[PDB]
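One chain comes next, on its own, written out as structure tokens in the form deposited in one PDB entry.
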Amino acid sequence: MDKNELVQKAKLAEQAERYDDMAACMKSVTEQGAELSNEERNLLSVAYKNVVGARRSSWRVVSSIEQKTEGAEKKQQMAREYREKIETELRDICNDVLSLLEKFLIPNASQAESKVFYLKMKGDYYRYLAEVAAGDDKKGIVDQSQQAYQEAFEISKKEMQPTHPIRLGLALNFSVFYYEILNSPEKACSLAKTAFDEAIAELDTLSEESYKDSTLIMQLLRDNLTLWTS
């Protein structure tokens, strides 16, 4: 229906913790073809993060059971087939978001922070595909994630202040990508440490609108550094 109606229904779905509904509303908003407001952008992101996150969690649980059932052929087969079912849902969700990003969001982004936001999202959803990719497809998926993060990184470093919440969150996820997907603790820590240190030096550039998100992400950056250097 009307864009404003869909956005109101997405907020209702979020309150009700019905994230399938809320992703469906925000997808319909995106498909209308107009650049998303900051509020609409955030609602889209929250929705799909919760939808995919449910599958990521289930996949880890079942994949682990599959691993620990060697020698019990029937039980292992059933865990494998359930894992594969969950993977298919997970892949379809990622491909859903990635398609919206290619067709609507990235091409229509007129401001640098919008472009960085959507390239970060692209990096994120390819990273979730990389988490479950095996064999032949993985290197190509990993490279798509890296190229999106890297372009987002260069743009943010040129256009956005160190305390900008989107720049900080990009550093956080790109650093996780280096740690978990590229298995390089050193580059992950260097990226997180620089982001934290450069923001720490400019706290007077925070706004009443940005400081809660920005200071949360700095705490997550340091938490990752603490974890990775113990």
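Residue numbers run from 1 along the displayed sequence. Each form is matched to the other, and the largest set of C-alpha atoms that superpose within 1.5 Å is called the rigid core.
- Residue-level annotation: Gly71 lacks coordinates in a third or more of the other entries compared, counting only those that model residues on either side of it.
- When the other compared entries with both flanking residues are checked, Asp21 is modelled in all of them, not unmodelled in a third.
- The mean C-alpha temperature factor is higher for 132-140 when 132-140 and 101-109 are set side by side.
- Comparing 120-128 with 153-161, the stretch with the higher mean C-alpha B-factor in the PDB entry is 153-161.
- Highest C-alpha temperature factor among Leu44, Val52, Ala171, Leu182, as the PDB entry reports it: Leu182.
- Ranking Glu208, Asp213, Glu17, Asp21 by the C-alpha B-factor listed in the PDB entry places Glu208 at the top.
- For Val29, the recorded CA temperature factor ranks within the middle third of the chain's modelled residues.
- Among all modelled residues in this chain, the alpha-carbon of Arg167 has a temperature factor (C-alpha) in the lowest third.
- In the deposited entry, the Cα temperature factor of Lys68 places it in the highest third of its chain's modelled residues.
- Among the modelled residues of the chain, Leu36 sits in the highest third by CA temperature factor in this PDB entry.
- Sort the modelled residues of the chain by CA B factor and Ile93 lands in the lowest third.
Omitted from view is the form deposited in another entry, to which the following refers.
- The only C-alpha among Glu186, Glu31, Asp197, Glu70 that moves by 2 Å or more between this form and the one not shown, given a superposition on the rigid core, is that of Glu70.
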